[PDB]
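Per-entry structural report
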Amino acid sequence: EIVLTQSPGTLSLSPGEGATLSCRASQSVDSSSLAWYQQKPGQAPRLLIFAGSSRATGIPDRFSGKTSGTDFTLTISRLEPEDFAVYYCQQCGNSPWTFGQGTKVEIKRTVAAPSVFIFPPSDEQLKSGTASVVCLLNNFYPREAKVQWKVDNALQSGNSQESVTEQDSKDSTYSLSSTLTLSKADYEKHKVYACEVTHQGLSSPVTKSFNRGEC
Amino acid sequence: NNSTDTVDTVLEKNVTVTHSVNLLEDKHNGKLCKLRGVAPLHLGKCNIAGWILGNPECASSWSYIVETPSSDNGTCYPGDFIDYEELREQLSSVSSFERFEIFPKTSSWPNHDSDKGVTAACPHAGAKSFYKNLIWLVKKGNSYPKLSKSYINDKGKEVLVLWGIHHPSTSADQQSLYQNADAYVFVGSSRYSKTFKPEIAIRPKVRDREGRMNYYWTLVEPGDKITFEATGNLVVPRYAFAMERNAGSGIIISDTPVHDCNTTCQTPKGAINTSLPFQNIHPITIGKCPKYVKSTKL
Amino acid sequence: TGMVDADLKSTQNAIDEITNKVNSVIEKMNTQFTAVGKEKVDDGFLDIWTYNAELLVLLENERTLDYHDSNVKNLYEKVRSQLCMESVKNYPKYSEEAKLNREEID
Amino acid sequence: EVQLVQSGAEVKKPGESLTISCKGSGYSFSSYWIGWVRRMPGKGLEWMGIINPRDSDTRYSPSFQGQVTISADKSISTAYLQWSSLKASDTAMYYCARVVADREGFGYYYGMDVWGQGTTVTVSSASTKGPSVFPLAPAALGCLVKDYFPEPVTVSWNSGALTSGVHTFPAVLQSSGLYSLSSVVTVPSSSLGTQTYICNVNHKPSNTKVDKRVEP
Ligand SMILES: *[C@@H]1O[C@H](CO)[C@@H](O)[C@H](O)[C@H]1NC(C)=O
Ligand SMILES: *[C@@H]1O[C@H](CO)[C@@H](O)[C@H](O)[C@H]1NC(C)=O
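All residue numbers refer to a per-chain count from 1 along the written sequence rather than necessarily to the numbering of the entry. Residues that lack coordinates are not shown. The order in which chains are written sets their letters, starting at A; the order in which ligands are written sets their numbers, starting at 1. Think of the side-chain values as coming from all heavy atoms in the structure, minus any hydrogens and water.

The record lists X-ray crystallography as the method behind this PDB entry and 3.39 Å as its resolution.

Structure, rendered in structure tokens:
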């Protein structure tokens, strides 16, 4: 496989700035075999540049393709709100055809600290025998953050499952939801449950705890 | 006074006359006889264009060129043959003919790919072929440098040189065949001088090809040099034709047969062997021929 | 009508004048076709020359028959101006004989 | 128009045989090559193979050769991605695409232009189960959607009234093999409890439509 390694991992740009995306191949491939694709969340991919430099069927003047040596570039002059998506490169020379890593183009904004909240398990869920605790991290920037579930100082791993929403359309902020799946038998043994949140927006890595039953 | 011979005047028509001679020849054979011994060049299921370009679907000495009207086998790759009618006019009068490797496929093109210049639009025995007399030059592994081969006429005869200009359908096709997006072509002779650039546009699939190839030609006088400057799109010559022009030679477009007979005068309708100064058979004539007239008798 | 052989010098100069008029009219048509080098397209010219070639034939035939007619009258006028048989072909010898036959008849 | 219409979403237990279509519309289907691109959940785009519908020839990727079979029917103008036997690894998003190539017939491929909508293939032993919906008391309030199969679950607040500040998080497959998601809303402390906050959750396949009110 002709390993395509895209640079950077993610591009943080303000709507109006100029984007420059790199795609460095393992070995030298033909320029005419290279193509650039744009994938929007919950949408099929779109062809932007085909044959390395040729602009696709119904694509604006801002999108352009460049190649020299092994570098391969996708340059946009004006980043319109529509342009903020995941960008992929692809080679069609030596089979198998390989796709790049993928660089997400995000709306640049001020560092936003998360709105951290802890949710106790429902009393209806207690009737089943397996109850889960959630550590919601509402509206923050950048997506780059980490949650550590603390069950009576003892940091728990494995039982926790994480999920994240894409960049917000209105305020360009991400949100996290960590679910702590546990049995009722192990739940009665302990009493205080917390989640340590570590982010760029935070001055100190704050932790938010809850006491069992009592308010 | 016995003869019933009849002559006509300005005033009265059909007057009986004793001593009178004819001028018009109406009788002829349906055969296309060899002129003064030498056999003609018949191109069945082929036209002059196909024969002269070297179309794979298709003799040095001839008296005249024959072409079937039904024959459409010429440009396998779609395009436009420039001054084709003008080429027929020049090829009308042709005695001798030497086909020679002007720019041989082996040596001549070393910084270019000559072997990949084949397409399905031009087949031969199922295989993707091309015109034998000209090479489709493409980039030698993502590098098409400015080529500049030049031929100097040493043959002493008029040298006919044919070449093509490939117009790729998509911009990407230009970048994959020649890589040089702004590619040019130039053909310099003492009599000929023209610069070319590709007309990149998707056209209808004529012989299932979106692109086109224009076919250009020139004659090079003995001693004169023909230069070929290109950075892409040129379909370089392989074989050229050093020819000696005759006088009484032409082109007949007729479906009439051709036999081993000899003739002094030849028409598309058939051959004529007469001492008469006028003929009402056919306006197109080859050799010592009685000037055509539309009259019944003279 | 029955004769197939006649004065030789008269017919000899006629045959010669005819054969020369024939070679000249063929020349006059051939030079006229070349002259009609005024260039449906080629058919336009074709109709022109074909009538001009026919015209010269109808015209030179009118001149040939009028030429023969003029020689017949001039041969009779040679005999009539002179007035055994070879002397006329090539009046004072028979002038005295004629007066004896003119007086007995008138 | 020039569009590719792929087969609908498919959910089958491993070992089974599945074949997914891709219908070429408004163009000469046989002229252009048709490829296939897989996308695994939380992974990159994997190329599978290509077929020239007129030549009916297939060029498989080493990672997909033998395992999956790429079929093509130029007459119906439809491409297929036939599975011999399904693996749990086959749980992915599958796209088909019209390949861009040179108009001189040389074998240069420029990428792929027309793309299909995407066929959603789920390969799990789990079986159809409705969601055990539980509320989360509030400052924002939650709504847990726990243990369900397959994947389509639409969440709406007050039967589709509350739209502002609504955050519906993507689902994650549990160790048990059942999907589970969360749904929150940044509500003000000014009207908590007094305002009736209804959390409408519905499962389209199992038809298990459980709508529970969030109580503080
Ligand atoms: C006439 O035809 C014969 C063959 O049939 C050939 O040998 C001969 O040379 C020809 N002669 C002329 C005067 O064309
Ligand atoms: C035609 O007949 C006239 C006499 O009637 C004569 O002068 C002329 O020579 C004749 N021609 C021939 C061919 O005998």
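The next point concerns the interface of chain A and chain B. Throughout, a residue-residue contact means that at least one pair of heavy atoms, one from each residue, lies within 4.5 Å. At the junction of the two partners, chain A supplies seven residues and chain B supplies six residues. Buried area between chain A and chain B, summed over both chains or domains, comes out near 410 Å², and the portion from carbon and sulfur atoms is 39%. Polar contacts here mean pairs of N or O atoms no more than 3.5 Å apart (in protein, one a potential hydrogen donor and the other a potential acceptor; neighbouring residues in sequence count only if both atoms are side-chain atoms). Between the two partners, chain A and chain B, sit four residue pairs in polar contact. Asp, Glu, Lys and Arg are counted as charged, while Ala, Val, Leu, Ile, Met, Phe, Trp, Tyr, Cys and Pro are counted as nonpolar; the rest, among them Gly, fall into the polar class. When grouped by side-chain class, the residues that make up the side of chain A that touches chain B number two nonpolar, four polar and one charged. Accessible area that two parts lose when put together, with a 1.4 Å probe and added across both, is what the buried area reports.

Residues and elements named next belong to chain B. For the purposes of this analysis, a disulfide is any pair of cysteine sulfur atoms at a distance within 2.5 Å. Under the defined criterion, the tally for this structure stands at eight disulfides over all chains. One disulfide in the model links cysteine 76 with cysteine 122; its S-S distance is 2.0 Å. The chirality of the disulfide connecting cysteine 76 with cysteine 122 is left-handed, given an S-S dihedral of about -75°. Within this pair, whereas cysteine 76 is found in the loop between β6 (65–67) and β7 (79–81), its partner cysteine 122 is found in the loop between β9 (112–113) and β10 (123–124), the two being separated by 46 residues in sequence. Burial classification: accessible surface area is computed with a 1.4 Å probe over protein chains only, and a residue below 20% of its type maximum counts as buried, one above 50% as exposed, and the rest as partly exposed. The buried category is assigned to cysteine 76, whose relative accessible area is 1%. You can call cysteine 122 buried: its relative accessible area is 0%. Here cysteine 265 connects covalently by a disulfide to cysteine 289, the sulfurs 2.0 Å from one another. Disulfide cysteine 265-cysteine 289: the torsion about the S-S bond is 115°, which places it as right-handed. Taken together, the residues span a long stretch of sequence, with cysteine 265 in strand β23 (residues 265–267) and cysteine 289 in the loop between β26 (286–287) and β27 (291–292) at a distance of 24 residues. Judged by relative accessible area, which is 2%, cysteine 265 ranks as buried. Judged by its relative accessible area of 21%, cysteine 289 falls in the partly exposed class. Each disulfide of chain B joins two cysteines, and with those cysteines numbered along the sequence the arrangement is 1-6, 2-3, 4-5, 7-8. Under the scheme used here, helices are H or I runs from DSSP no shorter than 4 residues and strands are E runs no shorter than 2 residues, and both carry numbers assigned from the N terminus.

Another point: helix α1 (residues 8–35) of chain C. In this analysis, the expected span of each helix is defined as 1.5 Å times one less than the number of residues it contains. Helix length check: α1 of chain C (28 residues) gives 39 Å between terminal C-alpha atoms against 40 Å at 1.5 Å per residue, within 8%. Along α1 of chain C, the positions that sit buried rather than exposed are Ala14, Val25 and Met29 of chain C. The elements touched by buried residues of α1 of chain C are β25 (278–279) of chain B together with α2 (41–82) of chain C.

Take the site of ligand 1 next. Residue and element names in this part refer to chain B. The local shell around ligand 1 consists of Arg36, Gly37, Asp260 and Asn262. Between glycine 37 and ligand 1, the recorded distance is 3.1 Å, taken from a backbone N or O atom to an oxygen atom. Surface burial for ligand 1 is 33%, taken as the share of its 370 Å² of free accessible area covered by protein chains. Among the residues making up the shell around ligand 1, the classes are represented as no nonpolar, two polar and two charged. For this purpose, a residue is taken to be near a molecule or strand whenever a single non-hydrogen atom of the residue falls within 4 Å of it. Only the protein chains shown count as cover for residues, and all accessible areas are computed by the Shrake-Rupley method using a 1.4 Å probe.

It is worth spelling out the arrangement of the chains at this point. Among the four pairs of chains in contact, the pair with the most contacts is chains A and D. For the non-touching pair chain A and chain C, the nearest C-alpha separation works out to 49 Å.

Turning our attention to the layout of surface pockets. The volume enclosed by the second largest pocket comes to roughly 1800 Å³. Space inside and on the surface of the protein is sampled on a 1 Å grid over the protein atoms alone, with a cavity defined as a set of points where a 1.4 Å probe fits but cannot get out and a pocket as an open set with protein on both sides within 12 Å along at least 5 of 7 lines; lining residues have an atom within 4 Å of a point. In this structure, the second largest pocket is lined by 47 residues; those nearest its centre are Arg39, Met40, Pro41, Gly42 and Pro170 of chain D. Listing elements by their share of the lining of the second largest pocket, those giving two or more residues are β9 (86–91) and β10 (103–107) of chain A together with β9 (92–101), β11 (119–122), β14 (153–157), β16 (172–173) and β17 (179–185) of chain D. Among the residues making up the lining of the second largest pocket, the classes are represented as 25 nonpolar, 13 polar and nine charged. Grid points are joined across faces, edges and corners, and a volume is the space filled by probe spheres set on the points.

As summarised here, the arrangement of the three strands in space is β3-β25-β27 (chain B), forming an open sheet in which the pairing is parallel. The open sheet has two edge strands with one neighbour each: β3 (24–25) and β27 of chain B. A pair of strands counts as paired when DSSP detects no fewer than two bridges linking them.

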